[PDB]
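Heads up, the thing below is written out as structure tokens.
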Amino acid sequence: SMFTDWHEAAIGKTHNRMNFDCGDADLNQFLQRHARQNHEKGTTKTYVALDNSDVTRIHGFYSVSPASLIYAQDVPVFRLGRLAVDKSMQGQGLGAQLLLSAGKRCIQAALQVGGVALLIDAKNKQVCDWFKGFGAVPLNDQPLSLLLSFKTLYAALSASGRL
Amino acid sequence: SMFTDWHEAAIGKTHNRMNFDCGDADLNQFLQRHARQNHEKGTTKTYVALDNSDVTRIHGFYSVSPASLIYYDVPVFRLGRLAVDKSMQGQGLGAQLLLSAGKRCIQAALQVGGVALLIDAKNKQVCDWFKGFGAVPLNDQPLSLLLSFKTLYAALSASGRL
Amino acid sequence: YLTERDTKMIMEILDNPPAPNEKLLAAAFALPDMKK
Amino acid sequence: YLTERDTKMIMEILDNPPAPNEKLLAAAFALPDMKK
Ligand SMILES: CC(C)(COP(=O)(O)OP(=O)(O)OC[C@H]1O[C@@H](n2cnc3c(N)ncnc32)[C@H](O)[C@@H]1O)[C@@H](O)C(=O)NCCC(=O)NCCS
Ligand SMILES: CC(C)(COP(=O)(O)OP(=O)(O)OC[C@H]1O[C@@H](n2cnc3c(N)ncnc32)[C@H](O)[C@@H]1O)[C@@H](O)C(=O)NCCC(=O)NCCS
């Protein structure tokens with residue numbers, strides 16, 4: 001059914017950044033020009049999905065960081081700032097798998113240092129729709145931002161034995 | 001020199017929350033009424049320093065959570081609370097717990113990002129104590145300090161705690 | 001910096017967390033078992 | 001919500017990070033080595 005002949009690593013020097021095209025210039029240029037610097041600084045960590053045969057080929061990536069939302073009358077979260085899959089590899093479920101893997105990574109951190117949800121940044125409304133697909137709830141007053149509970153994410157990963 | 005006959009665990013059911021007195025009612029009441037519930041929810045994780053002989057006795061605790069400061073935003077971990085029992089103060093345990101919280105948050109930050117500790121000071125006596133360690137008070141919020149993971153890492157690397 | 005409307009929604013989503021859908025579940029089951 | 005003064009200060013402290021104090025160092029060395 002889904003593409004599963006890949007493995008995840010932190011963005012590294014070996015990984016072919018220039019072959020990656022997800023059909024968005026900004027996301028391509030983020031991976032090419034900014035991923036590694038930001039990962040070294042700790043501003044956002046980028047994880048890549050590599051082919052199991054060609055271990056320098058990038059099928060897709062995601063980026064995360066700690067953040068909080070302030071209630072007005074704090075919510076500790078991890079921000080999924082970016083997610084992308086190469087055009088050559090789209091429509092094979094890898095996007096979905098990366099959302100889950102980012103959930104996994106952030107939940108494991110949140111067990112140590114807190115966090116209750118994934119705050120998802122959607123670039124455009126086509127991507128925001130894609131996220132709604134997975135049960136991410138768009139905020140009304142921030143329309144290109146969604147929230148997805150760690151309870152929801154954990155339930156799914158527990159179900160499959162990824163936690 | 002410094003008290004070191006203690007061990008760190010996440011807040012648990014067996015820990016004597018009611019005997020803890022740091023001299024501040026809010027911090028005592030946080031530990032008594034809210035620590036465990038918040039730890040279960042994931043709103044803030046609380047770690048306690050237990051005596052190695054009386055393993056249910058709490059010498060001190062700290063609490064952390066992810067946060068961001070909006071200028072771009074700045075990924076941080078908030079040290080929301082730190083406290084030592086009055087009976088055990090002035091033996092360096094407070095200092096050790098600031099370091100341990102730094103360590104814990106840096107280890108998380110290696111996976112999921114973060115560059116600094118955002119420290120909440122209740123009063124100016126506590127804010128002074130933190131300045132001691134190189135925590136820089138913010139001008140616009142004087143009871144909030146920032147302490148680089150670069151600075152913290154340098155110290156933990158020096159001592160072989162990382 | 002979160003509006004009343006959203007502060008209520010979020011609070012509700014967090015107190016009463018949805019079960020995972022089939023798309024979220026399918027992904028969980030496809031994701032290769034790997035480490036931190 | 002960061003003021004101009006602090007947005008500049010923090011940016012500078014993060015780009016140009018101070019070395020650890022004797023108080024910060026002494027604590028690092030006293031902290032028992034523990035896991036998690
Ligand atoms: C496509 C993205 C989200 C990764 O998804 P990927 O296709 O790898 O994942 P997955 O196969 O699980 O999901 C795609 C499938 O879901 C369905 N789907 C795709 N888009 C939507 C949508 N907006 N709404 C509902 N269902 C959708 C389709 O059946 C499609 O086959 C990512 O690479 C992306 O879109 N990046 C941004 C690029 C952009 O903005 N424009 C260029 C796109 S070519
Ligand atoms: C006071 C805290 C940090 C305990 O730290 P602890 O004493 O274990 O830390 P440590 O031994 O590393 O440092 C204390 C030593 O620092 C020195 N020091 C330097 N500046 C200060 C200062 N502003 N306040 C206190 N001690 C200071 C003193 O020599 C003191 O012996 C903590 O318990 C706390 O703040 N709790 C809240 C209680 C409160 O605010 N009021 C009640 C105080 S009795």
Side-chain angles (χ1 to χ4, degrees), chain A residues 1-4 6 20-28 30-31 49 58-62 80 82-102 120-134 136 144, chain B residues 1-4 6 20-31 49 58-62 79 81-101 119-133 135 143, chain C residues 21-24 26-28 30-31, chain D residues 21 23-24 26-28 30-31:
Chain A
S1 185
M2 284 196 177
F3 181 63
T4 65
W6 64 279
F20 185 85
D21 189 351
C22 66
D24 186 307
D26 306 66
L27 287 166
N28 290 329
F30 175 82
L31 183 62
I58 308 177
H59 293 320
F61 82 88
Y62 67 84
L80 180 65
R82 306 176 179 84
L83 184 142
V85 181
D86 193 282
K87 58 193 177 80
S88 81
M89 296 300 302
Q90 297 186 5
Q92 288 189 69
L94 176 57
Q97 282 172 78
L98 288 177
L99 171 59
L100 264 294
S101 195
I120 309 166
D121 285 345
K123 279 211 69 193
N124 48 66
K125 209 170 319 202
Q126 293 84 8
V127 168
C128 176
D129 183 92
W130 186 81
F131 280 115
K132 276 196 231 196
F134 300 99
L144 289 163
Chain B
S1 185
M2 286 195 175
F3 177 66
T4 64
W6 64 279
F20 184 85
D21 190 352
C22 66
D24 182 313
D26 294 349
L27 290 169
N28 291 330
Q29 282 157 20
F30 175 77
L31 183 62
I58 308 177
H59 293 321
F61 81 86
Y62 68 84
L79 180 66
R81 309 178 173 85
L82 181 139
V84 181
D85 193 282
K86 300 169 74 159
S87 81
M88 296 298 304
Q89 297 190 357
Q91 287 191 69
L93 180 56
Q96 283 171 79
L97 288 178
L98 170 60
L99 265 287
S100 195
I119 309 171
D120 293 339
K122 215 139 166 289
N123 47 65
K124 210 152 198 84
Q125 292 85 3
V126 168
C127 182
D128 184 272
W129 186 81
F130 279 117
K131 275 172 238 174
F133 299 98
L143 287 301
Chain C
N21 68 30
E22 300 174 276
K23 279 187 200 213
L24 199 65
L31 179 61
Chain D
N21 285 357
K23 278 202 114 210
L24 196 66
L31 179 62

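First listed ligand is number 1; within each ligand, the first listed atom is number 1. Below, all heavy atoms of this structure are taken into account, side chains as well, without hydrogens, waters or symmetry copies. So that the names make sense, note that chain A is the first sequence line, chain B the second, and so on, each numbered from 1.
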>> Yes or no: does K23(D) have any heavy atom under 4.0 Å from an atom of ligand 2?
In response: yes
> Is there a heavy atom of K122(B) sitting under 4.0 angstrom from any atom of ligand 2?
Replying inline: no
>> Please classify the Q92(A) to ligand 1 contact at 4.0 Å (heavy-atom distances, strictly less than): side chain, backbone, both or neither.
In response: backbone
> Between the candidates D26(A), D21(A), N28(A), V127(A), which shows the shortest non-hydrogen contact distance to atom 35 (O) of ligand 1?
Replying inline: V127(A)
> What atoms in ligand 1 come closer than 4.0 Å to a heavy atom of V85(A)?
Replying inline: 4 (C), 8 (O), 32 (C), 33 (O)
> Which residue owns the protein heavy atom closest to atom 44 (S) of ligand 2, what's the atom, and how far is it?
Replying inline: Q89(B) OE1, 3.6 Å
> For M88(B), is at least one N or O under 3.5 Å away from an N or O on ligand 2?
Replying inline: no
> Taking the minimum heavy-atom distance to atom 39 (C) of ligand 1, which of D129(A), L27(A), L98(A), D24(A) ranks first?
Replying inline: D24(A)
> Do any non-hydrogen protein atoms sit less than 4.0 Å from atom 3 (C) of ligand 2?
Replying inline: yes
> Which residue owns the protein heavy atom closest to atom 19 (C) of ligand 1, what's the atom, and how far is it?
Replying inline: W130(A) CD1, 3.6 Å
>> Tell me whether ligand 1 is touched by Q126(A) - counting only heavy atoms on the residue side and a distance under 4.0 Å.
In response: yes
>> Heavy-atom contact check, 4.0 Å cutoff: does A84(A) meet ligand 1?
In response: yes
> For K86(B) and ligand 2, does the shortest N/O to N/O distance drop below 3.5 Å?
Replying inline: no
> Which ligand 1 atoms, with their elements, are less than 4.0 angstrom from a heavy-atom of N124(A)?
Replying inline: 40 (O)
> Of the listed options (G95(A), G93(A), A49(A)), which comes nearest to atom 8 (O) of ligand 1 when hydrogens are ignored and any heavy atom counts?
Replying inline: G95(A)
> Which residue holds the protein heavy atom closest to atom 31 (O) of ligand 1, what is that atom called, and what is the gap in Å?
Replying inline: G91(A) CA, 3.8 Å
> Does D85(B) use its side chain to pair, donor to acceptor, with the backbone of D21(B) at less than 3.5 Å?
Replying inline: yes
